[PDB]
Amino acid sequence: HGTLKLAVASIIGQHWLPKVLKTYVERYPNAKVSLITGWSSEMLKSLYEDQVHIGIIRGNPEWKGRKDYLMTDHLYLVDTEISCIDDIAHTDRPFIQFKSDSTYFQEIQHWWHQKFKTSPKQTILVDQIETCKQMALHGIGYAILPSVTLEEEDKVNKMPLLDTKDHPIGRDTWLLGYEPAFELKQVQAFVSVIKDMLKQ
(Lines of atoms letter the chains of each structure in order from A and count residues from 1; the text may use other names and numbers.)
(Lines give C-alpha, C1' and ligand atoms only; values in the text may rest on other atoms or scores of the structure.)
Protein backbone atom coordinates (compact mmCIF):
# COMPACT_ATOMS: atom_id res chain seq x y z
CA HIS A 1 0.00 0.00 0.00
CA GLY A 2 2.48 2.62 -1.25
CA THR A 3 2.26 6.31 -2.08
CA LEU A 4 -0.61 7.68 -4.18
CA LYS A 5 0.47 10.48 -6.55
CA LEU A 6 -2.35 12.76 -7.69
CA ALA A 7 -2.49 15.63 -10.18
CA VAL A 8 -5.75 17.50 -9.74
CA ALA A 9 -7.30 20.57 -11.34
CA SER A 10 -7.20 23.48 -8.90
CA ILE A 11 -10.86 24.09 -8.12
CA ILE A 12 -11.30 20.35 -7.72
CA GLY A 13 -8.32 20.16 -5.37
CA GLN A 14 -9.84 22.92 -3.26
CA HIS A 15 -13.54 22.21 -3.28
CA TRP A 16 -14.20 18.51 -3.95
CA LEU A 17 -11.05 16.52 -3.18
CA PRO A 18 -10.77 17.29 0.60
CA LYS A 19 -13.90 15.25 1.39
CA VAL A 20 -12.56 12.40 -0.76
CA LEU A 21 -9.16 12.50 0.96
CA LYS A 22 -10.85 12.54 4.37
CA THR A 23 -12.53 9.20 3.62
CA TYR A 24 -9.38 7.83 2.02
CA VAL A 25 -7.39 8.69 5.13
CA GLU A 26 -10.15 7.44 7.44
CA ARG A 27 -10.17 4.01 5.75
CA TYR A 28 -6.37 3.80 5.18
CA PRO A 29 -4.52 5.52 8.02
CA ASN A 30 -0.89 6.46 7.29
CA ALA A 31 -1.26 5.77 3.57
CA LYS A 32 0.87 8.39 1.86
CA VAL A 33 -0.62 10.92 -0.56
CA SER A 34 1.29 13.32 -2.79
CA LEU A 35 -0.84 16.01 -4.44
CA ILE A 36 0.01 18.53 -7.14
CA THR A 37 -2.57 21.03 -8.42
CA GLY A 38 -2.96 23.54 -11.23
CA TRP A 39 -4.57 24.17 -14.58
CA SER A 40 -6.11 21.19 -16.33
CA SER A 41 -3.53 21.38 -19.13
CA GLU A 42 -0.73 21.24 -16.54
CA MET A 43 -2.13 18.25 -14.68
CA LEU A 44 -2.73 16.36 -17.94
CA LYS A 45 0.91 17.03 -18.90
CA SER A 46 2.04 15.74 -15.52
CA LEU A 47 -0.01 12.57 -16.05
CA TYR A 48 1.17 12.17 -19.65
CA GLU A 49 4.78 12.31 -18.44
CA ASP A 50 4.34 9.45 -15.92
CA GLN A 51 4.85 11.82 -12.99
CA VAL A 52 1.63 10.86 -11.15
CA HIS A 53 -0.65 7.86 -11.01
CA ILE A 54 -4.01 9.60 -11.47
CA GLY A 55 -5.13 12.93 -12.93
CA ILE A 56 -8.47 14.60 -12.22
CA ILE A 57 -8.96 16.85 -15.20
CA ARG A 58 -11.67 19.23 -16.34
CA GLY A 59 -12.98 19.93 -19.82
CA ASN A 60 -12.83 17.28 -22.56
CA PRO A 61 -9.31 15.82 -22.49
CA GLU A 62 -8.38 13.37 -25.20
CA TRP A 63 -6.78 10.38 -23.52
CA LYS A 64 -5.57 7.00 -24.79
CA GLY A 65 -5.87 5.29 -21.43
CA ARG A 66 -8.51 4.89 -18.77
CA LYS A 67 -10.92 7.85 -18.62
CA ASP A 68 -13.87 7.92 -16.19
CA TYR A 69 -16.47 10.63 -16.25
CA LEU A 70 -16.91 11.92 -12.69
CA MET A 71 -19.44 14.77 -12.68
CA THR A 72 -20.74 17.94 -14.32
CA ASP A 73 -21.24 21.35 -12.74
CA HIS A 74 -22.82 24.47 -14.14
CA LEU A 75 -21.74 28.07 -14.58
CA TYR A 76 -23.14 30.90 -12.44
CA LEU A 77 -22.62 34.64 -12.82
CA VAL A 78 -22.19 35.91 -9.24
CA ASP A 79 -22.36 39.48 -7.94
CA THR A 80 -23.01 41.21 -4.60
CA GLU A 81 -25.46 43.85 -5.87
CA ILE A 82 -26.81 42.74 -9.29
CA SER A 83 -29.84 40.45 -9.06
CA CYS A 84 -30.85 40.13 -12.73
CA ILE A 85 -28.52 38.73 -15.35
CA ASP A 86 -29.76 41.08 -18.11
CA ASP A 87 -28.36 44.08 -16.21
CA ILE A 88 -24.85 42.68 -16.71
CA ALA A 89 -24.85 44.04 -20.29
CA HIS A 90 -25.03 47.63 -18.94
CA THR A 91 -23.55 47.72 -15.42
CA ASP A 92 -20.40 49.70 -14.59
CA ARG A 93 -19.15 46.98 -12.24
CA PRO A 94 -16.10 45.29 -13.79
CA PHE A 95 -16.16 41.78 -15.20
CA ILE A 96 -13.65 39.88 -13.11
CA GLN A 97 -12.73 37.21 -15.59
CA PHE A 98 -10.73 34.01 -15.23
CA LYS A 99 -8.49 33.02 -18.12
CA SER A 100 -6.26 29.98 -18.53
CA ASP A 101 -5.40 27.93 -21.61
CA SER A 102 -8.48 25.77 -21.16
CA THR A 103 -11.71 26.39 -23.07
CA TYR A 104 -13.45 27.93 -20.02
CA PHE A 105 -12.64 31.46 -21.13
CA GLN A 106 -13.65 30.99 -24.77
CA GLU A 107 -16.95 29.33 -23.82
CA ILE A 108 -17.98 32.25 -21.59
CA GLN A 109 -17.03 34.66 -24.36
CA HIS A 110 -19.20 32.70 -26.79
CA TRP A 111 -22.13 32.72 -24.36
CA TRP A 112 -21.74 36.45 -23.78
CA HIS A 113 -21.63 37.28 -27.49
CA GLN A 114 -24.69 35.15 -28.21
CA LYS A 115 -26.78 36.41 -25.27
CA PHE A 116 -25.97 40.13 -25.38
CA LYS A 117 -24.72 40.58 -28.97
CA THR A 118 -22.03 42.85 -27.48
CA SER A 119 -18.56 42.18 -26.10
CA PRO A 120 -17.57 42.08 -22.42
CA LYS A 121 -15.29 44.50 -20.55
CA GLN A 122 -11.72 43.13 -20.42
CA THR A 123 -10.73 45.07 -17.30
CA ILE A 124 -9.77 42.49 -14.65
CA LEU A 125 -8.07 39.30 -15.87
CA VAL A 126 -7.16 36.63 -13.30
CA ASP A 127 -5.32 33.32 -13.79
CA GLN A 128 -7.06 31.34 -11.03
CA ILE A 129 -10.77 30.75 -10.44
CA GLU A 130 -10.65 31.01 -6.63
CA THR A 131 -9.22 34.52 -6.84
CA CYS A 132 -12.23 35.41 -9.00
CA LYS A 133 -14.58 34.14 -6.30
CA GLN A 134 -12.71 36.07 -3.58
CA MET A 135 -12.51 39.25 -5.66
CA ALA A 136 -16.25 38.91 -6.27
CA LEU A 137 -17.13 38.18 -2.65
CA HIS A 138 -15.35 41.46 -1.79
CA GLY A 139 -17.78 43.39 -4.07
CA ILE A 140 -15.18 44.41 -6.65
CA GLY A 141 -17.32 43.12 -9.50
CA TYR A 142 -19.13 40.11 -10.92
CA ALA A 143 -17.71 36.76 -11.92
CA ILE A 144 -18.68 33.58 -13.73
CA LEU A 145 -17.88 30.57 -11.57
CA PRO A 146 -18.47 26.82 -11.82
CA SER A 147 -20.91 25.76 -9.11
CA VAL A 148 -18.40 23.28 -7.64
CA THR A 149 -16.82 26.40 -6.03
CA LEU A 150 -20.09 27.83 -4.68
CA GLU A 151 -22.08 27.25 -1.50
CA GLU A 152 -25.58 28.48 -0.68
CA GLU A 153 -24.10 30.36 2.28
CA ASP A 154 -21.87 32.50 0.02
CA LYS A 155 -22.97 36.13 0.41
CA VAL A 156 -23.44 36.67 -3.32
CA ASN A 157 -26.30 36.49 -5.85
CA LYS A 158 -26.37 33.33 -7.96
CA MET A 159 -27.63 33.65 -11.57
CA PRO A 160 -27.70 30.51 -13.83
CA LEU A 161 -25.89 30.73 -17.14
CA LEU A 162 -28.24 29.44 -19.85
CA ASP A 163 -27.51 29.09 -23.55
CA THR A 164 -29.77 30.43 -26.30
CA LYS A 165 -32.08 27.41 -25.86
CA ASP A 166 -32.25 27.92 -22.05
CA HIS A 167 -29.98 24.94 -21.27
CA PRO A 168 -27.55 25.37 -18.35
CA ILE A 169 -23.95 25.65 -19.51
CA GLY A 170 -21.85 22.90 -17.95
CA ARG A 171 -18.30 21.72 -17.53
CA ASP A 172 -17.13 18.12 -17.03
CA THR A 173 -14.59 16.55 -14.68
CA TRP A 174 -12.82 13.28 -15.51
CA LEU A 175 -10.50 10.81 -13.79
CA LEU A 176 -7.58 9.69 -15.96
CA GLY A 177 -4.74 7.18 -15.78
CA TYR A 178 -2.85 4.54 -17.73
CA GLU A 179 -3.51 0.85 -17.13
CA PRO A 180 -0.42 0.21 -14.91
CA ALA A 181 -1.63 2.81 -12.36
CA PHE A 182 -5.01 1.08 -11.95
CA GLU A 183 -3.28 -2.13 -10.97
CA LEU A 184 -1.83 -0.46 -7.84
CA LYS A 185 -3.60 -1.21 -4.56
CA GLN A 186 -3.61 2.42 -3.42
CA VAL A 187 -4.88 3.73 -6.76
CA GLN A 188 -7.65 1.12 -6.55
CA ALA A 189 -8.51 2.15 -3.00
CA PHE A 190 -8.65 5.79 -4.07
CA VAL A 191 -10.87 5.06 -7.08
CA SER A 192 -13.11 3.01 -4.80
CA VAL A 193 -13.40 5.95 -2.40
CA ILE A 194 -14.25 8.24 -5.33
CA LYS A 195 -16.90 6.01 -6.88
CA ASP A 196 -18.38 5.73 -3.38
CA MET A 197 -18.54 9.51 -2.90
CA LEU A 198 -20.20 10.14 -6.26
CA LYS A 199 -23.34 8.47 -4.87
CA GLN A 200 -23.92 11.28 -2.36
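A residue's number is simply how far along the shown sequence it sits, counting from 1.
Participant: Between 22 to 30 and 54 to 62, name whichever shows the higher mean Cα B factor according to the PDB entry.
Facilitator: Per the PDB record, 22 to 30.
Participant: Would you determine, from the values in the PDB entry, which of 134 to 142 and 150 to 158 has the greater average C-alpha temperature factor?
Facilitator: Per the deposited B-factors, the answer is 150 to 158.
Participant: According to the deposited entry, which of 127, 79, 73, 101 has the largest Cα B-factor?
Facilitator: Max CA B-factor in the entry, restricted to 127, 79, 73, 101: 79.
Participant: Using the B-factors in the PDB entry, rank residue 108's C-alpha atom against the chain and give the third, lowest, middle or highest.
Facilitator: Lowest third - that is where residue 108 ends up once the chain's C-alpha B-factors are sorted.
Participant: Would you check the entry's CA temperature factor for residue 7 and let me know if it's in the chain's lowest, middle or highest third?
Facilitator: Answer is lowest: the recorded C-alpha B-factor places it there.
Participant: Give the position of residue 46 by CA B-factor within its chain, expressed as the lowest, middle or highest third.
Facilitator: Its C-alpha B-factor, which the entry lists for residue 46, ranks in the middle third among residues of this chain.
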